[PDB]
Amino acid sequence: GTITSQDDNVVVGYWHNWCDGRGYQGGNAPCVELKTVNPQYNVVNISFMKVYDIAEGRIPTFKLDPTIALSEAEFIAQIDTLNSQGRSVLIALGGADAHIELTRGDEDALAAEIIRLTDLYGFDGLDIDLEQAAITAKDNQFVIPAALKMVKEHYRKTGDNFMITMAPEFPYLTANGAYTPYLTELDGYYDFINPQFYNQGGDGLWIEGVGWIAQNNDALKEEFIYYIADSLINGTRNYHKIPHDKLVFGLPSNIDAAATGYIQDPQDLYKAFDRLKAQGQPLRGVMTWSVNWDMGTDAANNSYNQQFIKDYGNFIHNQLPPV
Ligand SMILES: [Ca+2]
Ligand code: NA
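Definitions and limits used
- Residues numbered from 1 in each chain as written, not as in the entry; some residues may be left out.
- Chains lettered and ligands numbered in written order.
- Heavy atoms only, no water.
- UniProt positions renumbered as here; feature names shortened; annotations may be inferred.
- Disulfide = S-S within 2.5 Å.
- Helix = DSSP H or I, 4+ residues; strand = E, 2+ residues; numbered from the N terminus.
- Buried < 20%, exposed > 50% of the residue type's maximum accessible area, 1.4 Å probe, protein only.
- Salt bridge = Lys/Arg side-chain N within 4 Å of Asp/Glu carboxyl O.
- Donors = N, O, S within 2.8 Å, 3.2 Å for Na, K, Ca; no water.
- Pairing = 2+ DSSP bridges.
- Contact = heavy atoms within 4.5 Å.
- Polar contact = N/O pair within 3.5 Å; in protein donor to acceptor, adjacent residues only side chain to side chain.
- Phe/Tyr/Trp six-rings, centres within 6.5 Å; stacked < 30°, edge-to-face > 60°.
- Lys NZ or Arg CZ within 6 Å of the ring centre and 35° of its normal.

The name given to the chain in the PDB entry is Chitinase 60, with Moritella marina as the source organism. According to its UniProt record, the chain has this under Sequence similarities (unreviewed entry): "Belongs to the glycosyl hydrolase 18 family. Chitinase class II subfamily."

Written out as structure tokens, the structure reads:
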């Protein structure tokens, strides 16, 4: 269809193209139809575009998992509903064991497949979410940016903003870290970055007056959020700069969705976000792995009962728009 783009604040949630994933604390994440996803997720990321079978070759694609029991046509129409509600639906390129190892030249074909998928299913953009091994694999750092420049240009002809987002793990965002080529090559092209502030154990940063602030330290959660974001939006403390109106804070829905990084007390985030707002640099929103985890069960089959979006949806949607 057309591109449904986002000009305001966002709550981003990832969508599993599989059923009954097992959690880090023994819980379960079911497959769900798009239509069931909470409306306050105004960007939903279909996970994942990848290589399904090497017989098909090196270029990744998307195949709707049949175990979900949703026809390709129904799926397409659910996308159309989300668009009529003004919500976006992106394709997330990558994930674990995606086998994305592209060679120079591949960008033509990759641009072409992204466009095809976009016209077929009515996606509005694409999220780069490479696994660790894919970040610096073969020519990925050249090919993927180059393809997406061509996709962005294609949709400009007809006045559309094909969204481009990224979900780097945060330690790769140091100055001249492994993700810097993706950022630099696509500066001017990307809508916003939603880094993963989870699954990195005791990585973090040092702050004079406070000390060592780790991503897995609940006692210091308020400071972690504030200082890491402050560092990114200002380009200080040896972090590569991401403007504040283009930074989205990525988090786990609950303790089953990631091993570390879950926020026990939402007030830590609320406060940090107000320090950032009051210094004249409000963030663009939050992100979560994942909607399926927000709608899932712990290891005794109690429902997580949409706790993440309960904690953050109104907070974020009732903030003033970005400039
Ligand atoms: Ca922390
Ligand atoms: Na669309």
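Next comes the rest of the description.
A.B. asks: Hey, could you run me through the state of the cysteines in this one?
C.D. replies: A covalent bond between the sulfur atoms of two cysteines is referred to as a disulfide. Throughout the structure, instances matching the rule amount to one disulfide. Each disulfide pairs two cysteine sulfurs, and for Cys19 the partner residue is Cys31, the sulfurs being separated by 2.1 Å. The chirality of the disulfide connecting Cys19 with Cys31 is right-handed, given an S-S dihedral of about 90°. Of this pair, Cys19 sits in the loop between β1 (10-16) and β2 (21-22) while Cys31 sits in the loop between β3 (28-29) and β4 (43-49), and the two are 12 residues apart along the sequence. Look at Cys19 and you get partly exposed, because its relative accessible area is 24%. Looking at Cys31, the relative accessible area reads 23%, which means it is partly exposed.

A.B. asks: Whenever I open this one, the pattern of salt bridges confuses me. Can you help?
C.D. replies: When the charged atoms of two side chains lie near each other, side chains of opposite charge can form a pair. Tallied over the entire structure, the rule returns 12 salt bridges. Between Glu113 and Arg116 there is a salt bridge, with its nearest N and O atoms 2.9 Å apart. Taken together, the positions of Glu113 and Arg116, both in helix α2 (residues 107-121) and three residues apart, correspond to about one turn of that helix. Three or more residues joined by partner-sharing salt bridges are found here, namely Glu222, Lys271 and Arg275.

A.B. asks: What am I meant to see in the UniProt feature "domain: GH18" (unreviewed entry) in the chain here?
C.D. replies: UniProt feature "domain: GH18" (unreviewed entry): in the numbering of this structure it lies at residues 9-307. For residues 9-307, the end-to-end C-alpha separation is 20 Å, with 29% helix and 19% strand making up the annotated structure.

A.B. asks: When you look at the coordination of the calcium ion (ligand 1) in this model, what are you seeing that I'm missing?
C.D. replies: Under ideal tetrahedral coordination, the four donors around a metal are separated by 109.5 degrees; under ideal octahedral coordination, the six donors are separated by 90 or 180 degrees. For the calcium ion (ligand 1), the protein coordination sphere consists of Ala214 (O), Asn217 (O) and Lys221 (NZ), at 2.7 to 3.2 Å. Residue class for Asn217 comes out partly exposed when judged on its relative accessible area of 22%. Using a relative accessible area of 3% as the deciding quantity, one classes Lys221 as buried.

A.B. asks: Looking at this structure, I do not really get the sheet that holds strand β5 (residues 88-95). What am I missing?
C.D. replies: Within a sheet, neighbouring strands are paired by backbone hydrogen bonds and run either parallel or antiparallel to one another. Spatial ordering of the open sheet is given by β8-β7-β6-β5-β4-β1-β12-β11, a layout of eight strands whose pairing is parallel. Edge positions in the sheet fall to β8 (192-193) and β11 (248-252), since each has one partner strand and no second. With five bridges joining them, β11 and strand β12 (residues 285-289) adopt parallel strand pairing. Counted as the bridge partner of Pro252 is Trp289 from β12.

A.B. asks: I'm lost on the coordination of the sodium ion (ligand 2) in this one. Help?
C.D. replies: Summarising the metal site, the sodium ion (ligand 2) is bound by the protein donors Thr2 (O), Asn83 (OD1), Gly122 (O) and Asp124 (OD), whose distances to it range over 2.3 to 2.7 Å. Here the donor residues for the sodium ion (ligand 2) map to a single chain with the spacing T-x80-N-x38-G-x1-D.

A.B. asks: Honestly, the UniProt feature "binding site: Ca(2+)" (unreviewed entry) in the chain in this entry has me stumped. Any pointers?
C.D. replies: Per the UniProt annotation, the sites labelled "binding site: Ca(2+)" (unreviewed entry) are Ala214 and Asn217. Relative to the elements of secondary structure, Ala214 occurs in strand β10 (residues 211-214). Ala214 has contacts with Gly202, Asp203, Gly204 and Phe224, leaving out every residue within four places of it along the chain. If you trace the backbone, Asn217 turns up in the loop between β10 and α6 (221-234). Reaching out from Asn217, the side chain makes a polar contact with the backbone nitrogen of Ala219 at a distance of 2.9 Å.

A.B. asks: I'm lost on the packing of aromatic side chains in this one. Help?
C.D. replies: Aromatic rings considered in pairs are described by the distance between their centres and by the relative angle of their planes. Scanning the entire structure with this criterion turns up 21 aromatic pairs. Clustering of aromatic rings is evident, with ring pairs tying together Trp15, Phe62, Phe75, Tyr121 and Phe123. The side chain of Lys246 reaches across the aromatic face of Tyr190, ending 5.9 Å from its centre. Over the face of the ring belonging to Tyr226 we find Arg275, whose NZ or CZ atom lies 4.4 Å from the ring centre.

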